[PDB]
């Protein structure tokens, strides 16, 4: 049984708050930081247990805390955590991910960042109150080098990311606790997500039990450009009949993602949106590509969700490459004038968060081995190509987007720009005080 009171809640349950702030910091004084941390943790650090408690018993803000390798070093915590990528940091790994390094910005361009406080709350003012509480408690023991703040989109776009698609539908379920499991949801041993638990194969210090590694990515999105691209390349028809340009553009977007904007998976709804299905957690994940392993009519081989979770393209259930996501959009809505121009005029995007016990098996495997690999999934009659949303290999050519002309290739401009990121370790709540602050 997992000790839910000891696991940082964003890892297992997800904050699911309307607003979130990532406060990136450096440690200035290890001794002063450690005593501040011992004060802070029992008061503010939110467990999985709290996140599944009655909302009345919940605090106004949830706080979680992760450390980079240099943060652990600054604190004299020098035990090897057993991950191949964590020690060097993400900037050193960015070229491997396919990133254009010229688009990276401070303070991510190095290993200056020692950690991140994640604050989830209902309003920006509450984020400010909890940020000020960090300032008051830690004082000059830290320097806040950057804060990145996000917000759920308004109205019926709540839960949707900036291109318009419902995000946060498909997550693995870990064994070791009692929770609801939906049809089609992968059930994995807890060590796929939690370091030191069954299923983890990395060599972990005992104090690393029930922690997890976060891959953080700051993505800027080019929404008018995406919209204009789908209009310019609108699919003329599908199996059900001819499409108006607007229908064909919406369909092309769905083909790129593998889901309609509503969340309806195209493997179940291959020709038209089914918003009732999109909003149905009991059915919106109940598919595995077994009905489309050797053709692309129902779903392209290279659609976002199929690349990042290949399901039956792997030949059966595989524990190893599942990961939890707790991303949040940021920035203003895209104006009518922006969409008309087809050109981005404001900074908006995704503060992307993915948790796994082995960075190389979760985020990094999904990115490099799968999304960036034109020849993945394997053994297909048409080359899948590069995942159109986040695949980084050039040329960004993907096949099969038009179900009636599957050999047609699309060369897709990059609409998602990495601006920085880092690899963090989130310890257990007890480890925060018993180890990190010792």
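Residue numbers count along the first chain shown, from 1.
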| request: Compare the mean C-alpha B-factor of 16 to 24 with that of 424 to 432 as given in the PDB entry, and name the stretch with the higher value. | output: 16 to 24
| On average, which has the higher Cα B-factor in the deposited entry, 140 to 148 or 288 to 296? | 140 to 148
| If you compare 108, 182, 219, 163, which has the highest Cα B-factor in the entry? | 182
| message | Using only the C-alpha B-factors in the record, can you name which of 367, 175, 327, 85 has the highest? | response | 175
| field | Cα B factor band for residue 399 (lowest, middle or highest third within the chain) | value | middle
| task | Classify residue 67 as lowest, middle or highest third according to the C-alpha B-factor given in the PDB entry, relative to its own chain. | result | lowest
| task | Consider only the C-alpha atoms of the modelled residues in this chain, order them by B-factor as the entry records it, and name the third containing residue 36: lowest, middle or highest. | result | highest
| field | residue 8 by Cα B-factor - lowest, middle or highest third of the modelled chain | value | lowest
| task | Would you check the entry's CA temperature factor for residue 386 and let me know if it's in the chain's lowest, middle or highest third? | result | lowest
